[PDB]
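Read through the structure below, which is laid out as structure tokens, and then see the notes.
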Amino acid sequence: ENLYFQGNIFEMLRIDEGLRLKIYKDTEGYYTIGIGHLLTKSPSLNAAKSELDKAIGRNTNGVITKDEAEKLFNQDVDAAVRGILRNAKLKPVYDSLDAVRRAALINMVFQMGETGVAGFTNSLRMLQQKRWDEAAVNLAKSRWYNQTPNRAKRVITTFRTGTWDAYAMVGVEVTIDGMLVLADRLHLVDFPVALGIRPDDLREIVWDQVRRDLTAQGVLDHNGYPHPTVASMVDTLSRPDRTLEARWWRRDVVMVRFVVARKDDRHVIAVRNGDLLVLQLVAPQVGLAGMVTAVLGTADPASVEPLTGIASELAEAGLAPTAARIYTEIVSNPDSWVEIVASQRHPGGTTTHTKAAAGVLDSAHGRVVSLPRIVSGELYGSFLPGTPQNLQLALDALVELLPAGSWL
Ligand SMILES: [Cl-]
Ligand SMILES: [Cl-]
Ligand SMILES: [Cl-]
Ligand SMILES: [Cl-]
Ligand SMILES: [Cl-]
């Protein structure tokens with residue numbers, strides 16, 4: 001599903017710049033709200049509260065809604081486009097670009113300013129000549145690219161493709177200690193046990209180096225607070241409403257554990273590789289099957305018949321000779337084996353995990369998915385060819401075993 005990924009300039013910059021609903025202080029000391037909407041230059045806080053109330057037409061106490069931040073953002077986009085169209089170095093390139101690549105260019109102005117963007121003289125001519133691949137390579141040769149790697153990558157991919165796909169799943173990579181530093185800063189505990197994120201003077205020198213490193217990546221801001229998008233990722237993993245928790249065994253090599261977590265409308269993928277954690281904030285348009293596929297990769301479905309009239313562990317103790325030899329090789333010697341359980345959080349702070357699990361098998365004959373069923377009080381198992389549709393079916397069945405019976 002979701003073969004045409006729909007983005008827009010506001011969601012793009014919400015992710016890259018970060019949406020702040022509370023008055024904020026950038027590095028230069030200026031008070032800011034929304035997506036980098038400058039409130040005042042004054043070194044004073046109260047001046048900022050005055051200016052914010054004027055722009056909103058409401059007494060706000062330094063707190064706005066997402067809709068209000070979008071209003072301010074639209075004015076800033078106009079101001080940035082107005083500036084671009086009056087800059088002889090940027091107007092020709094902007095006029096030639098499609099709407100998506102225009103948003104990528106507006107994205108850069110938001111970050112480094114109209115003059116800084118005009119300094120990419122080589123890349124700007126490549127974009128005007130529709131040499132997408134060359135511009136993408138050239139842009140990566142800037143200090144901008146290394147200063148903010150995750151943002152520049154997405155913007156450069158957007159310049160290359162002219163699509164929104166770079167924002168379907170946006171990822172950050174942190175060490176287990178960096179994750180603990182973020183959680184400590186955000187008042188977060190109760191992470192999925194499957195990720196193994198567990199809680200003086202020696203710890204302080206260790207974390208002050210990690211904090212310095214996170215600041216260098218733009219994961220922590222100038223006062224040591226996380227980027228709002230990273231904050232969103234880590235928060236979603238703390239006390240999620242739903243999770244898929246997976247154990248992933250790879251014949252080609254240690255078991256990898258990863259999680260898909262939902263909290264309200266946010267989805268986060270968390271893969272742990274040793275002492276490394278990869279977090280991905282996932283756009284609502286993506287489906288559960290797509291999130292799992294993002295971790296496991298694509299594979300050709302194994303041309304097999306269904307094998308659902310199977311009781312629990314009876315599978316492991318009326319098929320064809322051919323259909324029997326295929327299935328035997330799949331389970332006996334699989335290239336890869338994933339088991340996925342699901343959980344849900346209850347209002348009272350407790351959680352339920354399924355006992356049954358959905359399965360994904362890769363082999364020389366193609367991928368296979370295993371769908372769990374509780375019928376008449378006994379656990380059933382059904383093997384199906386591993387298409388993204390059947391994977392979604394296996395995950396739907398798994399989730400239906402939760403007290404709520406749905407992912408919502
Ligand atoms: Cl350049
Ligand atoms: Cl090119
Ligand atoms: Cl970044
Ligand atoms: Cl900052
Ligand atoms: Cl169960």
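Identifiers in the structure tokens: chain A, B, ... in order shown; residue index from 1 per chain; ligand index from 1 in order shown.
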
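A distance search around ligand 5 (10 Å at most, only C-alpha atoms and all ligand atoms) returns the following protein and nucleic acid residues: residues 341, 342, 343, 352, 353, 354, 355, 356, 357, 372, 373, 374, 378, 379, 398, 399, 400, 401, 402 and 403 of chain A.
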
So that I have them on file, write out the residues from the current selection with N, CA and C atoms, as a PDB file, in the first residue's frame.
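This went into result10.pdb:
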ATOM      1  N   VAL A 341       6.035 -10.439  18.255  1.00  0.00           N
ATOM      2  CA  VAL A 341       4.927 -10.399  19.195  1.00  0.00           C
ATOM      3  C   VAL A 341       4.436  -8.959  19.260  1.00  0.00           C
ATOM      4  N   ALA A 342       3.209  -8.785  19.751  1.00  0.00           N
ATOM      5  CA  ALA A 342       2.598  -7.470  19.863  1.00  0.00           C
ATOM      6  C   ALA A 342       2.166  -7.218  21.301  1.00  0.00           C
ATOM      7  N   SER A 343       2.086  -5.940  21.667  1.00  0.00           N
ATOM      8  CA  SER A 343       1.653  -5.549  23.000  1.00  0.00           C
ATOM      9  C   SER A 343       0.789  -4.299  22.921  1.00  0.00           C
ATOM     10  N   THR A 352      -0.179  -5.698  28.133  1.00  0.00           N
ATOM     11  CA  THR A 352      -0.394  -7.088  27.767  1.00  0.00           C
ATOM     12  C   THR A 352       0.418  -7.380  26.518  1.00  0.00           C
ATOM     13  N   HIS A 353       1.139  -8.494  26.536  1.00  0.00           N
ATOM     14  CA  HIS A 353       1.840  -8.997  25.366  1.00  0.00           C
ATOM     15  C   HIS A 353       1.106 -10.228  24.858  1.00  0.00           C
ATOM     16  N   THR A 354       1.072 -10.390  23.542  1.00  0.00           N
ATOM     17  CA  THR A 354       0.563 -11.629  22.981  1.00  0.00           C
ATOM     18  C   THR A 354       1.501 -12.774  23.337  1.00  0.00           C
ATOM     19  N   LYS A 355       0.932 -13.971  23.455  1.00  0.00           N
ATOM     20  CA  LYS A 355       1.752 -15.169  23.572  1.00  0.00           C
ATOM     21  C   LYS A 355       2.125 -15.698  22.194  1.00  0.00           C
ATOM     22  N   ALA A 356       1.158 -15.715  21.280  1.00  0.00           N
ATOM     23  CA  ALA A 356       1.403 -16.063  19.891  1.00  0.00           C
ATOM     24  C   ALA A 356       2.263 -15.000  19.218  1.00  0.00           C
ATOM     25  N   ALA A 357       2.885 -15.390  18.112  1.00  0.00           N
ATOM     26  CA  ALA A 357       3.757 -14.496  17.371  1.00  0.00           C
ATOM     27  C   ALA A 357       3.539 -14.690  15.880  1.00  0.00           C
ATOM     28  N   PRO A 372      -0.712 -16.051  13.158  1.00  0.00           N
ATOM     29  CA  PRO A 372      -1.261 -16.790  14.302  1.00  0.00           C
ATOM     30  C   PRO A 372      -2.767 -16.632  14.462  1.00  0.00           C
ATOM     31  N   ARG A 373      -3.412 -17.720  14.884  1.00  0.00           N
ATOM     32  CA  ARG A 373      -4.852 -17.734  15.124  1.00  0.00           C
ATOM     33  C   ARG A 373      -5.153 -18.447  16.434  1.00  0.00           C
ATOM     34  N   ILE A 374      -6.021 -17.853  17.254  1.00  0.00           N
ATOM     35  CA  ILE A 374      -6.559 -18.506  18.446  1.00  0.00           C
ATOM     36  C   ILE A 374      -8.004 -18.873  18.127  1.00  0.00           C
ATOM     37  N   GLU A 378      -7.208 -22.883  21.137  1.00  0.00           N
ATOM     38  CA  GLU A 378      -5.918 -23.431  20.748  1.00  0.00           C
ATOM     39  C   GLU A 378      -5.260 -22.533  19.710  1.00  0.00           C
ATOM     40  N   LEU A 379      -3.937 -22.429  19.793  1.00  0.00           N
ATOM     41  CA  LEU A 379      -3.173 -21.590  18.881  1.00  0.00           C
ATOM     42  C   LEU A 379      -2.966 -22.312  17.555  1.00  0.00           C
ATOM     43  N   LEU A 398      -1.958 -11.029  14.286  1.00  0.00           N
ATOM     44  CA  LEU A 398      -1.234 -10.896  15.547  1.00  0.00           C
ATOM     45  C   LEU A 398      -1.880  -9.833  16.433  1.00  0.00           C
ATOM     46  N   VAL A 399      -2.141  -8.652  15.870  1.00  0.00           N
ATOM     47  CA  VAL A 399      -2.680  -7.547  16.657  1.00  0.00           C
ATOM     48  C   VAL A 399      -4.076  -7.872  17.167  1.00  0.00           C
ATOM     49  N   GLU A 400      -4.858  -8.628  16.393  1.00  0.00           N
ATOM     50  CA  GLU A 400      -6.202  -8.998  16.818  1.00  0.00           C
ATOM     51  C   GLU A 400      -6.207  -9.844  18.083  1.00  0.00           C
ATOM     52  N   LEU A 401      -5.059 -10.384  18.492  1.00  0.00           N
ATOM     53  CA  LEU A 401      -4.957 -11.151  19.729  1.00  0.00           C
ATOM     54  C   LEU A 401      -4.753 -10.273  20.959  1.00  0.00           C
ATOM     55  N   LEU A 402      -4.666  -8.960  20.787  1.00  0.00           N
ATOM     56  CA  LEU A 402      -4.568  -8.047  21.913  1.00  0.00           C
ATOM     57  C   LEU A 402      -5.961  -7.742  22.465  1.00  0.00           C
ATOM     58  N   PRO A 403      -6.066  -7.427  23.760  1.00  0.00           N
ATOM     59  CA  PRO A 403      -7.387  -7.092  24.322  1.00  0.00           C
ATOM     60  C   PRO A 403      -8.174  -6.097  23.485  1.00  0.00           C
TER      61      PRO A 403
END

Could the residues that lie within 9 Å of ligand 2, counting only C-alpha atoms and all ligand atoms, be listed as a VMD selection string?
-> chain A and resid 126 to 127 129 to 136 160

Residues up to 10 Å from ligand 4, counting only C-alpha atoms and all ligand atoms: could you list those as a ChimeraX atom specification?
-> /A:24-29,215,218-227

Give me, as JSON lines, the closest atom pair and its distance (Å, one decimal) for every residue of chain A within a cut-off of 7 Å of ligand 1, counting only C-alpha atoms and all ligand atoms, rows sorted by chain and rising number.
{"residue": "A:119", "atom": "CA", "partner": "ligand 1", "partner_atom_place_in_ligand_line": "1 (Cl)", "distance": 6.8}
{"residue": "A:120", "atom": "CA", "partner": "ligand 1", "partner_atom_place_in_ligand_line": "1 (Cl)", "distance": 3.5}
{"residue": "A:121", "atom": "CA", "partner": "ligand 1", "partner_atom_place_in_ligand_line": "1 (Cl)", "distance": 5.1}
{"residue": "A:122", "atom": "CA", "partner": "ligand 1", "partner_atom_place_in_ligand_line": "1 (Cl)", "distance": 4.2}
{"residue": "A:123", "atom": "CA", "partner": "ligand 1", "partner_atom_place_in_ligand_line": "1 (Cl)", "distance": 4.3}
{"residue": "A:124", "atom": "CA", "partner": "ligand 1", "partner_atom_place_in_ligand_line": "1 (Cl)", "distance": 6.9}
{"residue": "A:138", "atom": "CA", "partner": "ligand 1", "partner_atom_place_in_ligand_line": "1 (Cl)", "distance": 6.0}
{"residue": "A:139", "atom": "CA", "partner": "ligand 1", "partner_atom_place_in_ligand_line": "1 (Cl)", "distance": 5.7}

Once you have the residues from the selection above, write them out as a CSV table (one decimal), in the first residue's frame, restricted to N, CA, C and O atoms.
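Contents of the output file result-v6.csv:
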chain,number,residue,atom,x,y,z
A,119,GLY,N,25.5,30.9,-2.0
A,119,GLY,CA,26.8,30.4,-2.0
A,119,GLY,C,27.1,29.1,-2.6
A,119,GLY,O,28.2,28.7,-2.8
A,120,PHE,N,26.0,28.3,-2.8
A,120,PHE,CA,26.1,27.0,-3.5
A,120,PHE,C,26.0,27.2,-5.0
A,120,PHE,O,25.1,26.6,-5.7
A,121,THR,N,26.9,28.0,-5.5
A,121,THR,CA,26.8,28.5,-6.9
A,121,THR,C,26.8,27.3,-7.9
A,121,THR,O,26.1,27.3,-8.9
A,122,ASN,N,27.7,26.3,-7.6
A,122,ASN,CA,27.8,25.2,-8.6
A,122,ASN,C,26.5,24.3,-8.5
A,122,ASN,O,25.9,24.0,-9.6
A,123,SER,N,26.1,23.9,-7.3
A,123,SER,CA,24.9,23.1,-7.2
A,123,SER,C,23.7,23.8,-7.8
A,123,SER,O,22.8,23.1,-8.4
A,124,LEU,N,23.6,25.1,-7.7
A,124,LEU,CA,22.4,25.8,-8.1
A,124,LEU,C,22.3,25.8,-9.7
A,124,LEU,O,21.2,25.8,-10.2
A,138,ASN,N,27.4,17.0,-5.5
A,138,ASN,CA,28.2,18.2,-5.2
A,138,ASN,C,27.7,18.8,-3.9
A,138,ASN,O,28.6,19.2,-3.1
A,139,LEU,N,26.4,18.8,-3.6
A,139,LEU,CA,26.0,19.3,-2.3
A,139,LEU,C,26.6,18.6,-1.2
A,139,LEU,O,26.8,19.2,-0.1

Residues within 9 Å of ligand 3, counting only C-alpha atoms and all ligand atoms, as a ChimeraX atom specification = /A:16,145-153,172,217-219

Please write the residues from the selection above to a file, keeping N, CA and C atoms, as an mmCIF file, in the first residue's frame.
data_model
loop_
_atom_site.group_PDB
_atom_site.id
_atom_site.type_symbol
_atom_site.label_atom_id
_atom_site.label_comp_id
_atom_site.auth_asym_id
_atom_site.auth_seq_id
_atom_site.Cartn_x
_atom_site.Cartn_y
_atom_site.Cartn_z
ATOM 1 N N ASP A 16 12.656 18.630 9.887
ATOM 2 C CA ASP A 16 14.041 19.080 9.802
ATOM 3 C C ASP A 16 14.353 20.179 10.819
ATOM 4 N N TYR A 145 26.747 19.729 4.738
ATOM 5 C CA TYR A 145 26.460 18.298 4.730
ATOM 6 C C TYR A 145 26.983 17.602 5.987
ATOM 7 N N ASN A 146 28.199 17.936 6.425
ATOM 8 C CA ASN A 146 28.769 17.282 7.600
ATOM 9 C C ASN A 146 28.294 17.898 8.912
ATOM 10 N N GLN A 147 27.890 19.171 8.899
ATOM 11 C CA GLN A 147 27.422 19.828 10.118
ATOM 12 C C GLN A 147 26.071 19.286 10.568
ATOM 13 N N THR A 148 25.168 19.035 9.622
ATOM 14 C CA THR A 148 23.834 18.501 9.901
ATOM 15 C C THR A 148 23.601 17.364 8.910
ATOM 16 N N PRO A 149 24.156 16.171 9.187
ATOM 17 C CA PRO A 149 24.136 15.098 8.180
ATOM 18 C C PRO A 149 22.746 14.581 7.848
ATOM 19 N N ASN A 150 21.907 14.341 8.861
ATOM 20 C CA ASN A 150 20.590 13.765 8.605
ATOM 21 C C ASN A 150 19.715 14.713 7.793
ATOM 22 N N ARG A 151 19.704 15.996 8.153
ATOM 23 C CA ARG A 151 18.898 16.956 7.411
ATOM 24 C C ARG A 151 19.408 17.112 5.984
ATOM 25 N N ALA A 152 20.715 17.313 5.821
ATOM 26 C CA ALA A 152 21.264 17.529 4.488
ATOM 27 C C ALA A 152 21.009 16.328 3.587
ATOM 28 N N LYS A 153 21.083 15.113 4.141
ATOM 29 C CA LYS A 153 20.820 13.913 3.350
ATOM 30 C C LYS A 153 19.405 13.934 2.786
ATOM 31 N N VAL A 172 17.625 8.591 12.985
ATOM 32 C CA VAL A 172 18.819 9.022 13.686
ATOM 33 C C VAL A 172 19.437 7.793 14.333
ATOM 34 N N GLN A 217 26.032 16.703 16.443
ATOM 35 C CA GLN A 217 25.159 16.193 15.393
ATOM 36 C C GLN A 217 23.877 16.997 15.248
ATOM 37 N N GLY A 218 23.634 17.965 16.125
ATOM 38 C CA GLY A 218 22.359 18.644 16.137
ATOM 39 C C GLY A 218 21.250 17.843 16.774
ATOM 40 N N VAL A 219 21.583 16.752 17.466
ATOM 41 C CA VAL A 219 20.585 16.003 18.217
ATOM 42 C C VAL A 219 20.209 16.752 19.490
#

Shell around region 53-60 of chain A at 12 Å using only C-alpha atoms, local window under 2 positions removed, as a VMD selection string = chain A and resid 21 to 23 33 to 34 37 to 40 46 to 51 62 to 65 67 to 73 75

Near residue 336 (chain A), counting only C-alpha atoms, which residues have an atom at most 6 Å away, once you skip same-chain residues fewer than 4 positions from it, shown as number ranges by chain?
-> A: 249-251, 361-362

Output file for the residues above (N, CA, C and O atoms, as a PDB file, in the first residue's frame):
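New file part-v5.pdb:
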ATOM      1  N   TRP A 249      16.665 -13.597  13.691  1.00  0.00           N
ATOM      2  CA  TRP A 249      17.843 -14.446  13.542  1.00  0.00           C
ATOM      3  C   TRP A 249      18.249 -14.524  12.073  1.00  0.00           C
ATOM      4  O   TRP A 249      17.413 -14.775  11.200  1.00  0.00           O
ATOM      5  N   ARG A 250      19.528 -14.280  11.812  1.00  0.00           N
ATOM      6  CA  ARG A 250      20.107 -14.218  10.471  1.00  0.00           C
ATOM      7  C   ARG A 250      21.123 -15.341  10.301  1.00  0.00           C
ATOM      8  O   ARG A 250      22.150 -15.360  10.988  1.00  0.00           O
ATOM      9  N   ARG A 251      20.825 -16.298   9.412  1.00  0.00           N
ATOM     10  CA  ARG A 251      21.800 -17.344   9.107  1.00  0.00           C
ATOM     11  C   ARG A 251      23.118 -16.748   8.639  1.00  0.00           C
ATOM     12  O   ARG A 251      24.184 -17.299   8.933  1.00  0.00           O
ATOM     13  N   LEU A 361       9.891 -15.778   7.372  1.00  0.00           N
ATOM     14  CA  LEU A 361      10.945 -16.712   7.008  1.00  0.00           C
ATOM     15  C   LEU A 361      11.488 -16.359   5.633  1.00  0.00           C
ATOM     16  O   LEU A 361      10.722 -16.243   4.673  1.00  0.00           O
ATOM     17  N   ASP A 362      12.801 -16.183   5.544  1.00  0.00           N
ATOM     18  CA  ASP A 362      13.501 -16.083   4.273  1.00  0.00           C
ATOM     19  C   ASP A 362      14.278 -17.370   4.027  1.00  0.00           C
ATOM     20  O   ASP A 362      14.790 -17.986   4.966  1.00  0.00           O
TER      21      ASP A 362
END

If you run DSSP over the backbone, which residues in region 96-223 of chain A end up helix (DSSP H, G or I)? Put them as number ranges by chain.
-> A: 96, 99-118, 121-128, 132-139, 143-147, 149-161, 165-167, 176-186, 193-195, 201-217

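Among the candidates A:88, A:180, A:111, A:367, the residue lying nearest to residue 297 (chain A) is A:367 (atoms considered: only C-alpha atoms).
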
Write out as JSON, numbers by chain the residues lying within 9 Å of residue 241 (chain A), counting only C-alpha atoms and excluding same-chain residues fewer than 3 positions away.
-> {"A": [236, 261, 262, 263, 264, 343, 344, 345, 346, 351, 407]}
